[PDB]
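Here's the structure we're looking at; comments come further down.
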Amino acid sequence: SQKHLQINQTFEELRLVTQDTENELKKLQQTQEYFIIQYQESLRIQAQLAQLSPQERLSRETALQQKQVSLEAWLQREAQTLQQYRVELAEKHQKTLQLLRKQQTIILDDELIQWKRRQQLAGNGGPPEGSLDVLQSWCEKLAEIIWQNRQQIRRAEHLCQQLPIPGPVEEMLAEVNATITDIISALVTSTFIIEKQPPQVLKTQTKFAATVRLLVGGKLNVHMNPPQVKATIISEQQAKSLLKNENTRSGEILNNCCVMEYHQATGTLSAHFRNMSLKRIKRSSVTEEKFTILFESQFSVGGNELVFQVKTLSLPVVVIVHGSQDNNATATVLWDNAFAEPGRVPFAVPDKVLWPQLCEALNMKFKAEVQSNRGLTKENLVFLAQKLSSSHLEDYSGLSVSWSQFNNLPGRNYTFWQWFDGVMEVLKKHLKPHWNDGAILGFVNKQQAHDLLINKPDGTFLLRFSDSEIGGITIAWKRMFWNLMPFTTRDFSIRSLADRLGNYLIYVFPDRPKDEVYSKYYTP
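With the deposited numbering applied, the sequence shown covers 138 to 185, 189 to 389, 393 to 427, 434 to 537, 541 to 559, 562 to 632, 638 to 661, 664 to 685.
Put into structure tokens, the structure is as follows:
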């Protein structure tokens, strides 16, 4: 990529200028030592007093003062140049930190946000986030560069303070040393990211896993004394108040908190959470209130001087006491993961969303749950729109759907999302390859399937989703069409749809014989 090349070239450029500055600092150190050892001779000659005899006394005193004025010129003539060297060095340091601020903002506020958005979208079966072993190298190099610069600034300040030529150096060194602290604090607080999220909607008293990382921890000696991270859970209100610096030392109780291990090869410092559990929750619609898992730690960098308390918020989660509440709550989660604004307060979401983005997210999670590449075609989306009217997708191109109208009761005990997720479940458990084989209609309705089997020969099939039961399917036949009572999930768990079809009906979905579609799925 062009941006990758740009930022890598910028990284190598920063490394080059930092090595330049290190060379200049070493030269300044050796030069100051030379200046001190040459200065010692000024005191050596300022005592060569003796009181021998008036003639030689006056002659030698005049000669000594004539040498002393030349020494007082030579010195301070070299010292002014030393001060100029130091000022130029401080200017180089300041320019380096300006470039550092630019590059760090580019890394954090642009690329990490992209990775986190990819994570949110993979939450609903989008493209996977991607390995952290590309941002890891960038962050490690950032940390190395800023640490070398802080070290150079510190040693330059100490070496200039032992020979304190006042000048303007003290101001510039109260400054840009003022800026390195902001840079390193932003970095250490912003590289505590969640690698593998804790699962969205999760039931109590069930084990779940989550893994966090410290990106820059590989080089900053925090792995020497590895800090342990603790995981808590807080409702949306406490999560909002926390970012507002409202000190509140809530939500529910976890069962585990653990230390961060280190991979010596990839140089990654990470905390795995493999046996976490939620045993008690303090709730204030149960399937709609969102919680978040906060991970927090505290550690030190270098000596005992630099301490950092760091915290990170995991993506919103919904607690589900009884298992039967699962299917609904996921909707809420998806909605957040579908429409999270960039700079929004924790779990703030726009009540009404456009239809195209809605069917986009629906197709995404559908291709996710079915584990197939069939997805929602244009006619299927048109049918879904007609369920929630005219039969052109261009008509629904500018309509808006509220959350209340999404997950209501369109015409029965359903709610549109619940029916969609029910068909998702029924073909995710028993009808994955049958959906991938092009055998389930998916966009067939009453009197829409009937007109598709009148001009066709006898015995043809069509498997649509039943609009009487939630997770069931209805078939077709051959004068009039012959439906049936819905095939409940149980009716598949006892004899799947592949063997239930095994005699009178021979064709599916015009000409394709029943065997050529289901011969590889009968019980031998």
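Note that the Cβ used here is the ideal one computed from N, Cα and C, for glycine as well.
### Message
For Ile174 and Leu215, I'd like the C-alpha separation in whole angstroms.
### Response
If you number the sequence shown from 1, residue 174 lands on position 37. If you number the sequence shown from 1, residue 215 lands on position 75. C-alpha separation (whole angstroms): 12 Å.
### Task
Could you give the DSSP three-state label for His471: helix, strand or coil?
The residue labelled residue 471 in the question sits at position 322 within the sequence shown. Of the three classes helix, strand and coil, the one that applies to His471 here is coil, per DSSP.
### Query
Is it true that the CB of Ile442 sits closer than 8 Å to the CB of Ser463?
Against the sequence shown, residue 463 aligns to sequence position 314. Against the sequence shown, residue 442 aligns to sequence position 293. For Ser463 and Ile442, yes; Cβs fall inside 8 Å.
### Task
Along the beta strand (DSSP E) that carries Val402, what are the first and last residues, could you check?
Here the question's residue 402 lines up with position 259 in the sequence shown. Segment 400 to 402, the beta strand (DSSP E) holding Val402.
### Query
Helix, strand or coil for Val309 per DSSP?
Along the sequence shown, one-based indexing puts residue 309 at 169. Assigned with DSSP and collapsed to three states, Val309 falls in helix.
### Residue ranges of each alpha helix (DSSP H) within the region 490 to 531, 4 or longer
DSSP runs (the alpha helix (DSSP H)) wholly in the region 490 to 531: 504 to 518.
### Task
Compute the Euclidean distance between the alpha carbons of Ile373 and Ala408, then round it to the nearest angstrom.
Looking up residue 373 in the sequence shown gives position 233. Looking up residue 408 in the sequence shown gives position 265. Approximately 33 Å, taken between the alpha carbons.
### Message
Between which residues of its own chain and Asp475 is the CB-CB distance below 8 Å, once the five residues before and five after are set aside?
### Response
By one-based count along the sequence shown, residue 475 stands at place 326. Counting only Cβ-Cβ distances below 8 Å, and skipping sequence neighbours, we find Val341, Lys343, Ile469.
### Query
Which whole runs of the beta strand (DSSP E) in the region 309 to 367 are 3 residues long or more, in chain order?
Counting only runs of 3 or more, we get 332 to 336, 348 to 354.
### Task
Assuming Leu595 and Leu617 form a contact by the criterion Cβ under 8 Å, report the distance between their Cβ atoms to the nearest whole angstrom.
Here residue 595 refers to the residue found at position 441 of the sequence shown. Here residue 617 refers to the residue found at position 463 of the sequence shown. Taking 8 Å as the upper bound for CB-CB distance, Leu595 and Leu617 are in contact here, some 6 Å apart.
### Query
Which one or two residues does DSSP pair with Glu438 in a beta bridge?
Here residue 438 is taken as the residue at index 289 of the sequence shown, counted from 1. Answer is none; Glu438 lacks a bridge partner.
### Query
Contact check, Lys527 vs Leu545 under 8 Å by CB: the rounded distance?
Your numbering for residue 527 matches position 378 in the sequence shown. Your numbering for residue 545 matches position 393 in the sequence shown. Between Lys527 and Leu545 the beta-carbon gap is near 6 Å, inside 8 Å, which marks them as a contact.
### Task
Have a look at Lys681, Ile182, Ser199 and flag the residue whose alpha-carbon is nearest the alpha-carbon of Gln191.
Here residue 191 corresponds to residue number 51 of the sequence shown, with the count starting at 1. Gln191 has its Cα closest to that of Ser199, out of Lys681, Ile182, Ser199.
### Query
From the DSSP output, which residues share a beta bridge with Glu218?
Reading the sequence shown from its first residue, position 78 is the one you call residue 218. Answer is none; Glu218 lacks a bridge partner.
### Message
In this structure, how does DSSP classify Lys242 when only helix, strand and coil are distinguished?
### Response
Working through the sequence shown from its first residue, we reach residue 242 at position 102. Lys242 falls in the helix class under three-state DSSP.
### Message
Bridge partners for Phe619 per DSSP, in chain order?
### Response
Along the sequence shown, one-based indexing puts residue 619 at 465. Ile627, per the DSSP bridge assignment.
### Message
Using the three-state DSSP reduction, which class does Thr236 fall into: helix, strand or coil?
### Response
As a position in the sequence shown, residue 236 is number 96, starting the count at 1. Helix, per DSSP.
### Task
Would you mind giving the Cβ-Cβ distance between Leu660 and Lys681, rounded to the nearest angstrom? I have them listed as a contact below 8 Å.
Taking the sequence shown and counting its residues from 1, one reaches residue 660 at position 501. Taking the sequence shown and counting its residues from 1, one reaches residue 681 at position 520. Rounded to whole angstroms, the Cβ separation of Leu660 and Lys681 is 13 Å, and the two are not in contact under 8 Å.
### Query
So which of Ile627, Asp650, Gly270 has the shortest CA-CA distance to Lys336?
Counting from 1 along the sequence shown, the entry for residue 336 is found at position 196. Per the Cα distances, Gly270.
#### Entry: Of the residues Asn365, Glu404, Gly357, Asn317, the one placed nearest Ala230, counting alpha carbons only
Here residue 230 is taken as the residue at index 90 of the sequence shown, counted from 1. Of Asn365, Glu404, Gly357, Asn317, the residue nearest in Cα terms is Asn317.
### Message
Give me, in chain order, the residues of the same chain whose beta-carbon lies closer than 7 Å to that of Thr319; leave out the 5 immediate sequence neighbours on both sides.
### Response
The sequence position of residue 319 within the sequence shown is 179, counting from 1. Excluding positions up to five away in sequence, the list reads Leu237.
### Query
Near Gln447, what residues of its chain come up, given a Cβ to Cβ distance below 8 Å and the 5 sequence neighbours on each side ignored?
As a first step, residue 447 must be located in the sequence shown, where it is residue number 298. When the five nearest sequence neighbours on each side are left out, the beta carbons in the same chain lying within less than 8 Å of the beta carbon of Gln447 are those of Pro367, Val456, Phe457, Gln458, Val459, in order along the chain.
### Message
Would you call the region 434 to 441 in contact with the region 298 to 311, where contact means no fewer than 3 C-beta pairs closer than 8 Å?
### Response
The region 434 to 441, when compared against the region 298 to 311, does not touch it at the 8 Å Cβ threshold.
### Query
To the nearest whole angstrom, what separates the beta carbons of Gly625 and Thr647, a pair I think is in contact under 8 Å?
For the purposes of this step, residue 625 is identified with residue 471 of the sequence shown, where counting begins at 1. For the purposes of this step, residue 647 is identified with residue 488 of the sequence shown, where counting begins at 1. Confirmed, about 7 Å.
#### Entry: Where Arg673 sits in the DSSP three-state scheme
Looking up residue 673 in the sequence shown gives position 512. Residue state, collapsed to three classes: coil.
### Inter-residue spacing [alpha-carbon to alpha-carbon] between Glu395 and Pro338
In the sequence shown, the residue the question calls residue 395 occupies position 252. In the sequence shown, the residue the question calls residue 338 occupies position 198. Counting only the Cα atoms, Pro338 lies some 15 Å from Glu395.
### Message
Would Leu530 pass as an interface residue toward chain D - the criterion being a Cβ-Cβ separation below 8 Å?
### Response
Looking at the structure shown, chain D is missing, and only one protein chain is on hand.
### Query
Between the C-alpha atoms of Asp250 and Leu525, what's the straight-line distance to the nearest angstrom?
Residue numbering aside, residue 250 sits at position 110 when the sequence shown is read from its first letter. Residue numbering aside, residue 525 sits at position 376 when the sequence shown is read from its first letter. C-alpha separation (whole angstroms): 32 Å.
### Where the beta strand (DSSP E) containing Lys460 begins and where it ends
In the sequence shown, the residue the question calls residue 460 occupies position 311. Where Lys460 is concerned, the enclosing beta strand (DSSP E) starts and stops at 455 to 462.
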